[PDB]
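Heads up, the thing below is written out as structure tokens.
Only heavy atoms go into these numbers, but all of them, side chains included; no hydrogens, no water, no symmetry mates. Below, chains carry the letters A, B, ... as their sequence lines are ordered, and counting in each starts from 1.
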Amino acid sequence: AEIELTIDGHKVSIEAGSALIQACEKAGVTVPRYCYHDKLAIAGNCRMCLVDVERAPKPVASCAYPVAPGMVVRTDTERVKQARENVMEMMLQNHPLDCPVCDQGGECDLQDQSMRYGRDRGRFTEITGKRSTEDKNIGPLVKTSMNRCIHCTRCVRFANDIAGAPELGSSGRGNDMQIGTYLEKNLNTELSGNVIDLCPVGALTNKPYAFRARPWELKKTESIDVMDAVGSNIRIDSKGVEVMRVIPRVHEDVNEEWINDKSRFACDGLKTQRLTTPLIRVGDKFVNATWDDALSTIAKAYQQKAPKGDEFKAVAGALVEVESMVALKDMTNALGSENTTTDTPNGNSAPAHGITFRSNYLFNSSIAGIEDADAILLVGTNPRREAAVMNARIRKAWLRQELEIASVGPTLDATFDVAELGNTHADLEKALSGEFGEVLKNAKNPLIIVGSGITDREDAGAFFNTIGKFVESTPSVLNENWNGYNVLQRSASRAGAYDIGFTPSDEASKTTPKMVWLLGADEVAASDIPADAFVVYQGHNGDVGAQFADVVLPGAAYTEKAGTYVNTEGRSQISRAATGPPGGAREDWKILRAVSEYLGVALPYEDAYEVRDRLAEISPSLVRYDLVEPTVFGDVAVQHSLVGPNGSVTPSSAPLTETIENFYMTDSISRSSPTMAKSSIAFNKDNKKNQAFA
Amino acid sequence: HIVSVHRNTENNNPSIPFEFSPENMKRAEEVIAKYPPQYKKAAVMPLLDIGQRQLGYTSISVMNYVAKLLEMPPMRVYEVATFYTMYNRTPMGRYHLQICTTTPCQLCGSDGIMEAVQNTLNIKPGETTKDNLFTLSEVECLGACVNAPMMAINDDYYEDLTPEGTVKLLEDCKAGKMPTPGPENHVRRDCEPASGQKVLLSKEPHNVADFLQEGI
Ligand code: SF4
Ligand code: SF4
Ligand code: FES
Ligand code: FES
């Protein structure tokens with residue numbers, strides 16, 4: 001229950017047991033800080049949050065002192081100002097004059113709080129000099145200049161509590177205390193880059209960005225993170241035509257201040273191996289060509305080949321917008337085809353879970369609902385490589401709650417205790433009608449998280465039928481207040497695809513295609529496209545799909561267009577263009593409209609407003625931006641789509657396999673990254689730097 | 001100065017195996033029993049000392065073996081072994097001379113003792129002799145400030161020192177039997193004044209049973 005207290009004369013109210021700094025933040029009172037973070041545990045080592053309380057003789061730490069009723073706080077008086085001055089004097093005693101060569105310059109809390117709450121000049125002139133500290137090698141992503149460490153312990157707290165990487169610590173004692181791995185080890189985690197943002201000094205910095213830019217040079221665009229279906233909200237920092245870095249953004253219901261390393265460091269791939277001009281295959285060579293010539297060639301291929309009905313195949317890959325897929329589907333249907341297809345292994349056939357109700361392919365117990373969790377079952381998903389931030393959320397819940405977690409699948413090096421109980425469908429049914437089934441039944445907020453790798457199997461109906469039966473049989477998993485059936489997607493376009501109906505007929509499932517338009521589709525195998533078919537790759541990077549193509553149309557990347565992306569929850573988010581596309585590249589729906597007009601059809605929209613109206617005509621949830629909708633048809637969906645048409649399928653005994661064999665190098669932008677290549681050579685479990693011999 | 005970084009060597013690296021002997025493993029299980037079952041990490045300090053006594057110094061393999069035993073990450077053990085200075089993380093000599101140079105032992109003559117030891121062994125604090133016999137280290141107060149100046153050789157306190165006595169003490173620890181601990185040459189017993197006790201002079205103590213309250 002809330003209490004009442006006074007801070008600088010202002011009366012404010014927060015819950016009991018809260019820290020004083022939280023009250024000061026609610027009251028609009030600014031209090032300094034280096035070691036306090038809203039998402040990390042409370043440490044009281046910087047001694048910069050000191051304020052005066054009438055109760056206490058000495059000044060007390062706002063970060064740690066509990067809030068009490070009737071307490072009177074002052075953050076204004078001479079003792080507090082002198083305290084801040086003294087603490088900054090000691091802090092900058094042994095700090096190095098690296099401000100020109102430091103990459104935190106211009107965005108340093110130490111600089112700003114020295115200017116605001118500290119002295120104008122120093123009194124340290126000792127002839128013996130300052131302390132020195134040797135630089136650590138903790139990997140190819142985080143660069144270390146550890147003379148600048150102020151010993152806040154944010155890195156350690158993050159790595160040991162939020163990430164599950166206990167290799168970072170606090171070795172030594174006193175002035176010779178050094179943060180790092182006591183021996184040369186790597187900071188092996190898919191969340192390591194947030195250490196760079198948490199350090200208020202430049203002791204831990206981005207290595208590929210090391211000296212590229214300063215903060216004031218940068219345009220800051222608030223956009224959305226492709227590379228996973230979490231829809232992490234990001235800030236793209238751009239210097240003209242070049243995207244310099246990507247950093248996280250606050251969204252407490254999606255990603256909560258964090259982003260993974262792919263999202264942060266795959267930006268290096270938007271400036272190499274890009275497609276800047278159209279290309280025509282004349283033989284074993286690609287020949288650069290104009291837009292008119294390439295679209296002319298596509299039209300002539302359509303008229304020479306005469307694909308009847310479902311012989312025109314449309315493939316959409318990861319990292320594609322919704323607008324592009326809608327335009328491609330409208331075109332493909334105007335040409336008489338229903339062979340809209342995903343780049344997954346079993347993408348030629350529609351999903352076993354069906355697309356009739358959105359509840360069947362979404363994370364219905366929303367990302368903030370993991371915090372409500374009491375029991376979790378993980379079917380065919382490693383959340384550390386699929387939606388790592390959601391794995392961090394699962395950990396966060398597990399550390400503060402009674403949370404019992406099980407998994408049916410490959411044995412996964414998890415950041416929590418996971419209770420592995422099988423790898424087959426047999427073991428799934430065993431678990432669901434044995435012990436963990438009753439664990440799920442007696443729970444008040446149980447979660448059954450199914451992976452997309454299950455949909456990428458032939459015997460997926462067997463699974464989804466089993467899980468659907470268990471769901472409709474168990475009230476606790478599906479109520480009028482809570483839905484525990486969740487499907488975790490690993491790529492950012494699948495939810496929007498299924499929302500717009502980007503799946504194939506079964507009439508088209510068995511057709512051999514004569515033309516194959518593949519859009520951002522880099523996971524094709526060279527067996528899903530015939531040797532005698534005319535193929536059209538539309539993308540932004542040449543990795544796999546453009547090698548196959550007969551015509552290549554350069555498109556725009558997610559940093560170069562304002563697209564709509566649907567995440568796992570069903571949350572539609574709108575990006576924002578940071579730059580324009582390079583060279584002769586174009587927005588992709590405009591490409592599809594032009595090539596429609598070159599062909600014997602034409603889409604009825606001509607600018608972005610009409611495309612938004614078409615999105616509304618397809619699904620009105622695609623324009624309710626950032627709103628996660630409930631659904632009224634949970635019972636109906638589990639009875640119609642998951643349990644009904646899947647009883648005919650018989651299970652395999654092939655063990656479940658991991659879906660993402662390398663977290664790094666998952667898509668075109670990452671496979672074109674050299675930083676991801678270095679991070680794939682390193683961060684391999686076979687290396688001695690990445691395994692501590694416990 | 002405290003060293004807080006490890007660089008692997010051919011005789012100190014995690015590939016070198018380590019294992020408690022059966023005696024020390026029994027003792028370690030008895031030590032783990034002294035704490036709650038879920039808080040067995042509390043035994044990281046005594047078990048590390050057990051390792052440092054089996055093998056003459058706290059090597060990285062000892063830390064990793066303890067971490068394996070107590071189900072704790074190795075870095076949490078590295079932090080302990082680096083924080084507490086009695087964990088010798090470099091190899092040591094047979095005899096670890098620890099001479100206090102704090103203010104009491106300085107007022108009573110620690111610097112003469114340090115000069116004597118440095119001249120006898122031709123060694124500076126933090127170094128080891130050619131004999132692998134004497135490792136020297138100037139330490140803070142070891143809790144024998146009344147019997148000052150003082151020193152400690154491998155866990156035993158030799159007190160109320162002189163340069164003469166320290167020189168010949170090192171001589172007989174270099175070869176032959178080493179004297180029993182306590183004040184030098186029995187010029188004192190323990191904390192008594194060296195002229196003699198002035199307080200506790202009977203030959204039978206007063207039993208407090210004779211002086212209880214009116215209650216009980
Ligand atoms: S961390 Fe901040 S104060 Fe320290 S050198 Fe870098 S920019 Fe300057
Ligand atoms: S390395 Fe950086 S984040 Fe970690 S304690 Fe030092 S200053 Fe803080
Ligand atoms: S913010 Fe309270 S001591 Fe650092
Ligand atoms: S001052 Fe030397 S033993 Fe304490």
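A:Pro351 is listed as a side-chain neighbour of A:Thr503, based on a closest heavy-atom distance under 4.5 Å. The side-chain heavy atoms of A:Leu622 and A:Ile500, taken from C-beta on, include a pair separated by under 4.5 Å. Between A:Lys219 and A:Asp237 there is no side-chain heavy-atom pair separated by less than 4.5 Å. Residues A:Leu275 and A:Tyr537 have side chains in contact (heavy-atom distance under 4.5 Å, counting atoms from C-beta outward). A:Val254 places a side-chain heavy atom less than 4.5 Å from the side chain of A:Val230. In this structure the side chain of A:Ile367 reaches within 4.5 angstrom of the side chain of A:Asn567, judged on heavy atoms. Side-chain atoms of A:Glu321 and A:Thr564, non-hydrogen and from C-beta on, never get closer than 4.5 Å to each other. Side-chain contact between A:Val566 and A:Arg571: absent, with no pair of heavy atoms (C-beta onward) separated by less than 4.5 Å.
The pair A:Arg384-A:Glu190 meets the salt-bridge criterion, with a side-chain N (NZ, NE, NH1 or NH2) lying under 4.0 Å from an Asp/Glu carboxylate O. Using a 4.0 Å cut-off between a side-chain N of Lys or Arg and a carboxylate O of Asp or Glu, A:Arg576 and A:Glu222 do not qualify as a salt bridge. Using a cut-off of 4.0 Å between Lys/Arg side-chain N and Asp/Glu carboxylate O, A:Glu107 and A:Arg245 are scored as salt-bridged. In this structure, A:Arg214 does not pair ionically with A:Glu217, as no charged nitrogen and carboxylate oxygen lie closer than 4.0 Å. Taking a cutoff of 4.0 Å between a charged side-chain nitrogen and a carboxylate oxygen, A:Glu617 and A:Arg614 qualify as a salt bridge. We find that A:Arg274 and A:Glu560 are joined by a salt bridge, their nearest charged nitrogen and carboxylate oxygen being less than 4.0 Å apart. Salt bridge A:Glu523/A:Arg671: present, at least one basic N to carboxylate O contact under 4.0 Å. Taking a cutoff of 4.0 Å between a charged side-chain nitrogen and a carboxylate oxygen, A:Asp588 and A:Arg586 do not qualify as a salt bridge.
No more than 12 heavy atoms of other residues, nucleotides or ligands sit less than 6.0 Å from atom CZ of A:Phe633. Applying the 6.0 Å contact sphere to NZ of A:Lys305 captures more than 12 heavy atoms from other residues, nucleotides or ligands. Applying the 6.0 Å contact sphere to CG of A:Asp532 captures no more than 12 heavy atoms from other residues, nucleotides or ligands. In A:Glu252, the CD atom is crowded: over 12 heavy atoms of neighbouring residues, nucleotides or ligands sit closer than 6.0 Å. Applying the 6.0 Å contact sphere to CD of A:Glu507 captures no more than 12 heavy atoms from other residues, nucleotides or ligands. Counting non-hydrogen atoms of other residues, nucleotides and ligands closer than 6.0 Å to CD of A:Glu606 gives a total of 12 or fewer.
In this structure, A:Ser223 and A:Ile236 approach most closely via the heavy-atom pair CB-CD1, 3.6 Å. For the residue pair A:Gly584 and A:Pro554, the shortest heavy atom distance occurs at O-CG, 3.9 Å. Nearest heavy-atom pair across A:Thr297 and A:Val551 is CG2-CG2, 4.0 Å.
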(message) Walk me through whether A:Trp517 and A:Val315 qualify under side-chain contact (heavy atoms from CB on, under 4.5 Å).
(response) CA-CA 6 Å; A:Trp517 195 296; A:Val315 180; over 6 Å; no
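Of the residues A:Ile259, A:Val246, A:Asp667, the one that meets the side-chain contact (heavy atoms from CB on, under 4.5 Å) test with A:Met227 is A:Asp667.
No side-chain N or O of A:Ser673 forms a donor-acceptor pair with one of A:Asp268 less than 3.5 Å apart. For the residue pair A:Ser621 / A:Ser619, a side-chain donor-acceptor distance below 3.5 Å is found, with atom types taken as modelled. For the 3.5 Å distance criterion, the side chains of A:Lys313 and A:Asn348 qualify, holding a donor opposite an acceptor. Defined by atom type and a distance below 3.5 Å, a donor-acceptor pair is missing between the side-chain atoms of A:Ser349 and A:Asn346.
Residue A:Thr568 holds its OG1 atom at 8.0 Å from CG of A:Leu362, rounded to the nearest 0.5 Å. Atoms CZ and OG1, on A:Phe464 and A:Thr455 in that order, are 4.0 Å from each other to the nearest 0.5 Å. The distance from the CG atom of A:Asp499 to the CG atom of A:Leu615 is 11.0 Å, given to the nearest 0.5 Å. Atoms CD1 and OG, from A:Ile449 and A:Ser365 in turn, are 7.5 Å apart once rounded to the nearest 0.5 Å. For the atom pair CG of A:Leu270 and OG of A:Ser668, the computed distance is 9.0 Å after rounding to the nearest 0.5 Å. In this structure, A:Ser337 OG and A:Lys308 NZ are separated by 11.5 Å, a value rounded to the nearest 0.5 Å.
Within the structure, the ring-ring contact (aromatic ring centres under 6.0 Å, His included) test picks out the following pairs touching residues 251-282 of chain A (sequence neighbours left out): A:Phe158-A:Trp258.
Using modelled atom types, no side-chain atom of A:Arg264 and backbone atom of A:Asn206 make a donor-acceptor pair closer than 3.5 Å. A:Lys561 places a side-chain N or O within donor-acceptor distance of the main-chain N or O of A:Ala556, the cut-off being under 3.5 Å. The backbone N or O of A:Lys300 sits nowhere less than 3.5 Å from a side-chain atom of A:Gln303 that would complete a donor-acceptor pair. Counting only distance, with no hydrogens or angles, the side chain of A:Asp293 and the backbone of A:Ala289 share no donor-acceptor pair below 3.5 Å. Put simply, the side chain of A:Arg393 never gets that close to the backbone of A:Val389: no donor and acceptor are under 3.5 Å apart. Between the side chain of A:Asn255 and the backbone N or O of A:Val250 there is no donor-acceptor pair closer than 3.5 Å. Without hydrogens or angle criteria, A:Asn662 side chain to A:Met665 main chain gives no donor-acceptor distance under 3.5 Å. A:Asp310 contributes no side-chain N or O that, together with a main-chain N or O of A:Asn339, makes up a donor-acceptor pair within less than 3.5 Å. Proximity of a side-chain donor or acceptor of A:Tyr485 to a complementary backbone N or O of A:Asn360 within less than 3.5 Å is detected. Listed for the A:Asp528 side chain is no donor-acceptor partner under 3.5 Å among the backbone atoms of A:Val524.
Checked against the 6.0 Å centroid threshold, A:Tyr498 and A:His353 count as a close aromatic pair.
Between A:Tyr664 and A:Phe683, the angle of the ring planes stays under 30°, which puts this pair in the parallel group of the 30/60° scheme.
Taking the ring axis of A:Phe663 as reference, the NZ or CZ atom of A:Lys262 stays within 45° of it and closer than 6.0 Å to the ring centre.
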